[PDB]
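Engineer: Residue numbers (the entry's author numbering), protein chains in the order written: chain S, 2 to 94; chain N, 1 to 385; chain C, 1 to 385; chain R, 2 to 127; chain O, 62 to 309; chain E, 73 to 144; chain V, 11 to 61. Each residue gets a CB set at the ideal place from its N, CA and C atoms; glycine is no exception. Before I ask anything, let me first share the structure, which is written out below as structure tokens.
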Amino acid sequence: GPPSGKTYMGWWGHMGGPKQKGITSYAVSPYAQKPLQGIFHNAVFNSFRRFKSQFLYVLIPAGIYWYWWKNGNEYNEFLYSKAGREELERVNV
Amino acid sequence: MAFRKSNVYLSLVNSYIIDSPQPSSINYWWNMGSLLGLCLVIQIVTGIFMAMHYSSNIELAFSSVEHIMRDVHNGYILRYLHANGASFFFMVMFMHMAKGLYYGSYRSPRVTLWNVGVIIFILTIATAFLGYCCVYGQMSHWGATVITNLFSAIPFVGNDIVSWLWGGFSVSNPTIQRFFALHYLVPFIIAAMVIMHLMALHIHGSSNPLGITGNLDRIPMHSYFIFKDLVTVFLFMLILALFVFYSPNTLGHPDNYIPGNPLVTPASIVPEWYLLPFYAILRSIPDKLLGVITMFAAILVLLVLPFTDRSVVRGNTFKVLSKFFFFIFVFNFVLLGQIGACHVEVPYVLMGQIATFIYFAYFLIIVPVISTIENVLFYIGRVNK
Amino acid sequence: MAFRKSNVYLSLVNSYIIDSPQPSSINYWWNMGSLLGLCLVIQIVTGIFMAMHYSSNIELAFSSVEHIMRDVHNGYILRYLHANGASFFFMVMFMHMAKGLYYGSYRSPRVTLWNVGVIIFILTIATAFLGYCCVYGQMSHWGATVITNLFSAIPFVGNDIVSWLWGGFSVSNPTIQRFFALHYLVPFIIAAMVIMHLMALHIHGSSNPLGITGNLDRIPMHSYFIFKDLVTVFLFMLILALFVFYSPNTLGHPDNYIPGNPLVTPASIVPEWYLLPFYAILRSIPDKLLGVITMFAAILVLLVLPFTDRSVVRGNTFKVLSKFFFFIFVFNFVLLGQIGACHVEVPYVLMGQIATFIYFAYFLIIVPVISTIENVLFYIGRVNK
Amino acid sequence: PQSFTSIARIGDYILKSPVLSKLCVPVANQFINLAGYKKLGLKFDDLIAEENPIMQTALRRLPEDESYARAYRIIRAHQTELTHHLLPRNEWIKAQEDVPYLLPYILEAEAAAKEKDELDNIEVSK
Amino acid sequence: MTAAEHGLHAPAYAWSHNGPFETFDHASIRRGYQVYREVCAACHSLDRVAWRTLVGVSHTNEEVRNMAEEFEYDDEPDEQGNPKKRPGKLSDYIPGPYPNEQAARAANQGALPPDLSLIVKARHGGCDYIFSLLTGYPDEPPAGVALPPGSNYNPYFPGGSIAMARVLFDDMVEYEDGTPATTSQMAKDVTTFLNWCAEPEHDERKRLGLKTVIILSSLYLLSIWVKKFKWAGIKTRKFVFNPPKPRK
Amino acid sequence: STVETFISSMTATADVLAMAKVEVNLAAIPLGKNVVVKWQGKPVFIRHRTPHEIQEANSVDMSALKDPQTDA
Amino acid sequence: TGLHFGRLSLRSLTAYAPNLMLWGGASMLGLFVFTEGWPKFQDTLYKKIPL
Ligand SMILES: CCCCCCCCCCC(=O)OC[C@H](COP(=O)(O)OC[C@H](O)COP(=O)(O)OC[C@@H](COC(=O)CC)OC(=O)CCC)OC(=O)CCCCCCCC
Ligand SMILES: CCCCCCCCCCCCCCCCCC(=O)OC[C@H](COP(=O)(O)OCCN)OC(=O)CCCCCCCCCCCCC
Ligand SMILES: CCCCCCCCCCCCCCCCCC(=O)OC[C@H](COP(=O)(O)OCCN)OC(=O)CCCCCCCCCCCCC
Ligand code: HEC
Ligand code: HEC
Ligand code: HEC
Ligand code: HEC
Ligand code: HEC
Ligand SMILES: COc1c(O)c(C)c(C/C=C(\C)CC/C=C(\C)CC/C=C(/C)CC/C=C(\C)CC/C=C(\C)CCC=C(C)C)c(O)c1OC
Ligand SMILES: COc1c(O)c(C)c(C/C=C(\C)CC/C=C(\C)CC/C=C(\C)CC/C=C(\C)CC/C=C(/C)CCC=C(C)C)c(O)c1OC
Ligand SMILES: CCCCCCCCCCCCCCC(=O)O[C@H](COC(=O)CCCCCCCCCCCC)COP(=O)(O)O
Ligand SMILES: CCCCCCCCCCCCCCC(=O)O[C@H](COC(=O)CCCCCCCCCCCC)COP(=O)(O)O
Ligand SMILES: CCCCCCCCCCCCCCCCCC(=O)O[C@H](COC(=O)CCCCCC)COP(=O)(O)OCCN
Ligand SMILES: CCCCCCCCCCCCCCCCCC(=O)O[C@H](COC(=O)CCCCCC)COP(=O)(O)OCCN
């Protein structure tokens, strides 16, 4: 097969990261490891941490656009009622 | 060597779904790709087993769909899976493209991957529109009419293009037959584009939610991301089973069970739920030609995205203002859909115009300016002089 | 490096049709592969543009085919290209498989390539049969009936398999609709098998008409075999244009222009011209179950071919007796087709049985014995003792 | 795609002015500690995307010990993001340790590529 | 639009087949068919409902056969090509009262009565809309509404002006089981019957939904366990780093 | 020529060009009658007018029209 | 002693542009081939002597 260009991911053995030295791993078999030991206290406190650091960036745009949609929908159902029909007459023309 | 490495066929299965080096920090948002693959297989298999009972004449389309839902054994399962799975296909694809915009997967060296993604998105919109016109309900007929008249807006040529599309003078029997043939055809082009998408992905590997390299700590595909994708596969099938079996006709429009009548126009012509932002973008422009150009530019402005992101760090993970304006953009897209679902009434015209402007301003003004300000803020926060 | 080598997409185009090292001694028989690719593209494109006007109901199939041949602009070109190109597709495929048997391309290391070729051959026979039943003429209806009753020969299960195939109790509206859906579907499986075929080819390169290695004198694909394939492409289009425009209905059977009538049986039920050797093989066995098993064994006996060729030189080029018995086999296959075109009459039954026996004896007895004798004759011709 | 000479010019124009520095350096380090890359145990020069040949050059330029330290900070960041936790407060990168260590290597590669492009497109003094 | 063009919002009636486990009331479907045949079937076709679907759902075998043999359908012609009729059987469809569209528009002042095979699935609101449509006619329209002559008022129809007459009055039919047949009772019965006609799969759809949701919830929890299991070697992995000797 | 064949095969066929025109009778429609037909997939209103309706048509001032146009 | 460049040179752009006008001309000749038989273009396409 032909050669190809320089990529930024190699394969197992020549992956292409920087050379690393003196960094040791430690892992235990999952047969001697108890899974889901960290669901209780975890799904409460870590989930509250993940919500607290991260909710306000979602809650302010939702608040802005929901308030703007609600004000627009309220103004719609105002001016297509009997009370605002002359205003509908002057803004539709 | 091993047989999964030395065989010609199993080497692709190996290097794609067994020994593919994935970054070990990717969360469940890097699972929508496998989920889209599963949902495409669902769409194709239900499409074949439901198109064995479908007759594509204009006088026999709606009756054959009802023949599927009534006389065919388990045919309601097939049609409800098919329509609601197309809805979930676009929902998972929207979440996948939002994962692309958020974590900066569009940036270099993954521009080819992003462009093939946009091509897949256009082909999928085309497939869904053609298959929705194959039902030939009320909404199907009148939506086909409105979209092809939008193609008649093209100057000096367009009327003959539309008489070519229709195969006649209005939406008639040749139109529905060629929409069924094209609708059978284009998903295999989508499958070929998906294979090209996987190639352009595999030449550099996935990104990670930090925006740094992942060449240091790679873990294989097999058993790790196989069982993580199996988790989200079972969740996706659970939610699809809810919206198929307990509430099937929620996402659809009830006018689509009226047969196609060319004489009666509906009170409100609305596409199916996911094409509504694009329909709102097109309806916000007070011109037919500029409306069609703006509707296609609303997808090509995703192609102009890697050239405007001037942020020197990849992805919106560790940046404040870019993350905030990203969620401004997402809820703006939802607001486009909800504007498009409404009528052409005060003040929805003005809000549709402002919402279209904030869409294009996010893709063209907000991202480069906020990325430049965020770069200078990162620099002067830590450099003292 | 060059852009055709460094790009992800163009590297496949490069390594397959531009810089592929081909042996520089291959003649025009190594051109049927490109010719089959062109003829498959012809079949698919005419199938799409002709299936935009086709309605697959049993009461509307034959009328829609005649609507194509009469009312559609240039529709006679489409149908005549389509049917006569299917005939040329099987003729070029028969010549390609004969090139495979003659020059020993089935031998090691190309057994995977040969097996994927046999899978493509079975899928193509299936596609042609389904599309011939989609016409719903007289021959279409009664051929579908005879082939599915042959599937009813299977013990203890077969009647329910046939009621599953028919979708009813005889060849009716669900049968023709599912044959049209399957017939639209299976050519894309053929395209995927063709891509797998090209992969299994590309891992070792083509053979050569001498049976020795070709690693010494390779010339590229580009301009050399590009223009050689362009020569045979123009010759193939010339002969196809003759049999489309000047004599279109020669290869077909004239009973197929009678509409499908379940009550009137024809005087002679015969498939289209290329399935006649297999129909003769099946008709030569005086049993239904053994007939169906023998008809499928007549294709699986091509899979048992690389394990019986005990010749130590590749290909029949430099061997006398193997070349002679090869042409015995080829004219026997033609004689099978001509026996199958006739009636069940004396002495065509006895000749059909002898011809089937010489078919299986060539694939199982003649090739190993003649190859062993030819090996020993090559040895003692030049070794003195 | 910011071309580090440009961001360095803007940042030095902000820092050398007293009014602009007094105005937007508190905004700057407030942005930094709301960004939260410290809490994963990273520095900002560990965070610049390195899949373009000029940054790849500036990583070849780097000394050995800082390269091994950068490799450890990346692997601990991947492991901490995998467990969906944060590093404990003793292991966070402090404000004094967030040194722009890779910036001069990047800037000299910037000046080298800029000079190569200019000299590749020169006129002649006729 | 105003609320008049949009039509008044039909409220939430507590049907006996709402909820993810409740099925149809088949006695109510039987009584709904009786009210259909004696009131609606003068002017509404039911073209997509075969006779065989009522066998075992709302009527027995002989009841459906003796209701279908009262009607005449087109037989194949005789040995001289003359067209002939035949009594109905189980495989035929429920015939409409009108031979074509123009007879319908002639007999109903121009307005075409829509086929009721899918009418509870082709209107927003559905069951509540059909029930409020039937039981929603005022005795007199509100003050200031000029109806076109030949049309009727009820607020639930979009626009207010409908071309239907109020065709549910007190005790116009008699029930077989002796149920008091008021207007609301008959309207509830026909709305349940039309829900059956649009959704004949409804019972089997909900029980297969129960099976599928149970099996997929169990699979989802089992797969969460196996993902937390096979990732346990990677979640708990630890890294220490003593920086190497700088002489090399 | 190949592109012409495969693209012009998707245009309007012969029989849908056959029903492109309708030939309604002037002598068969009465005076005070409106005729609504489905022609070319579209509704068409047909009316026989009186000369007083002609005088009513061509004598309304153009300023009462947002798109003014004469009757001829 | 600089130049106006964006990885493409202004000298290179003026070197290729008298060929790019011929490329536009040959593309218009290509459209003039592939767009006859289309009766909308034949209001313009037959003038001198193809009629
Ligand atoms: C609408 C129709 C779509 C149909 C698609 C079906 C699939 C839905 C996919 C939704 C999704 O992918 O969101 C992923 C989001 C981010 O995940 P993360 O990696 O940051 O969290 C790590 C986790 O703790 C690891 O914990 P672990 O991996 O051990 O288990 C994860 C969890 C599986 O749940 C999910 O996959 C999402 C619901 O197992 C459970 O314990 C469930 C308990 C009942 O998960 C979250 O943590 C939620 C954050 C907010 C997202 C809201 C989404 C609104 C659109
Ligand atoms: C035409 C182009 C197509 C454009 C598509 C438009 C958008 C389609 C909408 C699809 C919804 C997808 C939502 C966005 C998906 C990406 C969000 C995400 O990446 O989640 C992670 C985000 C931040 O997490 P980090 O990765 O930064 O955590 C690192 C820890 N230090 O975590 C978060 O900040 C919270 C994520 C919560 C998601 C909220 C989704 C809201 C969905 C709309 C609701 C509509 C009803 C109002
Ligand atoms: C189910 C399994 C399917 C099996 C299919 C069985 C065959 C079906 C019919 C296909 C016919 C194709 C036959 C092609 C024969 C293989 C090609 C070939 O062998 O040609 C080369 C041959 C010898 O050439 P050399 O390579 O030996 O040259 C030596 C140079 N020193 O040159 C020659 O010896 C002369 C070549 C003459 C070709 C004439 C073709 C005859 C076609 C018969 C049609 C009969 C109609 C009446
Ligand atoms: C035959 C193959 C086939 C394939 C492949 C296929 N569909 Fe469809 N699809 C159909 C048929 C037939 C219909 C019409 C019958 C129906 O709507 O139930 C249809 C209808 C639809 C509808 C309208 C459903 C409704 O009832 O409103 C949508 C939406 C849709 N398809 C989307 C898709 C998408 C998205 C894909 C794949 C990316 C896809 N289809 C692939 C056959 C197919
Ligand atoms: C829609 C896609 C389509 C594809 C792809 C396709 N066909 Fe067909 N084919 C048809 C249709 C439609 C018909 C029936 C109309 C006709 O026969 O003209 C047909 C008919 C046929 C017939 C019968 C022709 C006749 O009139 O007797 C043959 C033989 C045939 N196909 C073979 C093939 C082969 C071989 C291939 C590819 C390997 C193929 N077809 C691919 C659509 C297709
Ligand atoms: C418009 C954007 C876009 C669309 C639409 C899109 N993709 Fe992707 N896809 C991407 C990007 C970008 C990535 C890589 C992102 C990353 O790794 O940071 C990706 C990655 C993937 C992956 C690898 C796993 C993953 O999540 O990264 C798969 C599998 C995949 N896509 C399949 C599909 C399929 C199947 C479809 C629909 C047929 C599809 N994609 C549609 C942009 C897209
Ligand atoms: C069962 C036999 C067989 C079938 C059927 C078959 N192939 Fe081949 N094909 C081969 C063999 C064997 C070769 C290798 C030629 C040799 O011996 O060197 C080959 C080689 C090729 C080549 C390379 C060019 C050449 O002439 O060798 C192409 C292209 C090709 N096949 C395409 C196809 C296509 C396309 C089809 C049908 C769609 C097909 N083949 C069906 C056996 C087959
Ligand atoms: C007087 C004749 C007549 C009878 C009897 C009759 N209908 Fe109607 N119905 C109509 C007409 C006419 C329409 C069409 C209304 C319209 O188009 O404005 C109609 C329309 C309807 C509609 C649809 C209304 C809408 O706005 O979509 C429903 C639902 C309906 N009828 C239910 C029934 C039911 C249930 C019965 C039996 C109790 C019944 N009808 C009996 C004449 C009748
Ligand atoms: C050994 O040396 C070689 C060699 O290595 C190779 C590669 C080849 C070349 C092999 C081939 C060319 C075969 C390749 C065949 C395929 C890849 C099959 C793919 C076929 C298709 C038809 C692709 C599918 C595409 C479509 C269906 C698109 C059609 C869509 C249409 C027409 C839409 C129309 C609708 C509208 C609205 C325009 C050789 O010939 C060869 O010998 C010299
Ligand atoms: C990045 O790492 C990867 C990765 O590399 C890959 C490949 C995938 C997997 C992605 C995919 C598999 C998506 C690709 C999807 C396709 C290629 C679609 C293929 C589907 C088809 C071609 C259609 C299926 C067709 C059939 C099954 C044919 C049989 C059908 C029928 C109806 C025959 C029945 C007829 C009879 C008579 C029984 C990942 O999910 C992933 O992330 C972990
Ligand atoms: C083409 C369609 C794409 C869909 C995307 C699907 C992505 C997830 C695929 C999951 C495959 C699981 C195989 C794991 C495996 O074989 O491990 C095998 C054995 O594992 C198992 O037995 C898993 C138990 C059986 C699970 C069956 C799940 C079937 C439901 C699939 C639903 C989606 C099709 C190797 O495991 P080991 O290496 O840890 O020893
Ligand atoms: C997918 C379908 C497969 C079909 C198999 C077709 C196999 C042959 C393909 C021929 C391609 C010719 C390209 C040669 C080329 O570009 O050389 C180019 C230039 O050559 C030419 O200009 C050739 C003149 C134009 C010939 C046009 C033929 C079109 C008819 C094609 C009919 C079949 C589709 C490079 O030539 P050079 O390297 O010698 O300089
Ligand atoms: C949608 C696919 C689009 C194209 C992408 C290609 C990827 C295809 C993925 C297919 C994965 C499953 C294929 C498993 C086949 C492995 C068996 C095998 O390679 O054994 C092969 C033989 O293969 C065959 O005979 C039949 C293969 C037909 C495959 C049809 C599916 C053994 O051959 P071997 O590699 O040991 O070479 C020794 C030479 N004598
Ligand atoms: C099952 C397989 C089916 C067949 C798929 C495999 C065969 C595919 C052959 C495709 C041949 C045509 C592709 C040539 C396009 C090359 C352009 C390119 O690669 O530039 C790509 C960008 O491509 C795109 O944006 C969209 C390409 C979508 C292709 C849609 C057909 C840039 O690539 P690159 O990163 O090497 O450039 C660096 C700049 N110096």
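Check for me: the beta strand (DSSP E) holding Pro115 (chain E) runs from which residue to which?
Structural biologist: 114 to 119
Engineer: Just to check, is the beta-carbon of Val100 (chain O) closer than 7 angstroms to a non-hydrogen atom of ligand 8?
Structural biologist: yes
Engineer: If you follow the beta strand (DSSP E) that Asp176 (chain O) is part of, which residue opens it and which one closes it?
Structural biologist: Per DSSP, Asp176 (chain O) belongs to no beta strand (DSSP E) and is neither H nor E.
Engineer: Mind checking whether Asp231 (chain O) and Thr240 (chain O) have CB atoms under 8 angstroms apart?
Structural biologist: no
Engineer: Measure the CB-CB distance between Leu151 (chain O) and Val118 (chain O) and report whether it falls below 8 angstroms.
Structural biologist: no
Engineer: Taking the C-alpha atoms as reference points, what is the distance between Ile120 (chain C) and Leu40 (chain C)?
Structural biologist: 12 angstroms
Engineer: Go to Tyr134 (chain O), then tell me how far its beta strand (DSSP E) extends in each direction, as first and last residue.
Structural biologist: 133 to 135
Engineer: Return no unless some Cβ of chain R is closer than 8 angstroms to the Cβ of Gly14 (chain S).
Structural biologist: no
Engineer: DSSP has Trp111 (chain E) in a bridge; who is on the other side?
Structural biologist: E:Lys114
Engineer: Residues of the stretch 30 to 50 of chain V with a CB closer than 7 angstroms to any CB of chain N: list them in chain order, please.
Structural biologist: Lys50
Engineer: Pull up the distance between the alpha-carbon of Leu240 (chain C) and that of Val233 (chain C), whole angstroms please.
Structural biologist: 10 angstroms
Engineer: Can you give me the start and stop residues for the beta strand (DSSP E) that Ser26 (chain S) sits inside?
Structural biologist: 24 to 27
Engineer: Hey, which residues come within less than 6 angstroms of ligand 11, measuring from Cβ to any heavy atom, in chain order?
Structural biologist: N:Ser34, N:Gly37, N:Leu38, N:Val41, N:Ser223, N:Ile226, N:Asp229, N:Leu230, N:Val233
Engineer: Tell me whether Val125 (chain R) is buried or exposed, calling it buried when 16 or more other Cβ atoms sit within 10 Å of its Cβ.
Structural biologist: exposed
Engineer: Please decide whether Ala84 (chain E) counts as near chain N, where near means a Cβ-Cβ distance under 8 angstroms.
Structural biologist: yes
Engineer: Measure the C-alpha to C-alpha separation of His222 (chain N) and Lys289 (chain O) and round it to an integer number of angstroms.
Structural biologist: 15 angstroms
Engineer: Please list the partners that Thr11 (chain V) has in chain R, where partner means a Cβ-to-Cβ separation under 8 angstroms.
Structural biologist: Within 8 angstroms Cβ-Cβ: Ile123, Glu124, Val125, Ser126.
Engineer: Would you say the beta carbon of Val234 (chain O) is closer than 7 angstroms to some non-hydrogen atom of ligand 8?
Structural biologist: No, Cβ of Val234 (chain O) sits at least 7 angstroms from all heavy atoms of ligand 8.
Engineer: State yes or no: is the C-beta of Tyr74 (chain O) nearer than 7 angstroms to some heavy atom of ligand 1?
Structural biologist: no
Engineer: Is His183 (chain C) near ligand 9, with its Cβ less than 7 angstroms from a heavy atom?
Structural biologist: no
Engineer: With H, G and I counted as helix, E and B as strand and the rest as coil, what does DSSP make of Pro23 (chain C)?
Structural biologist: strand
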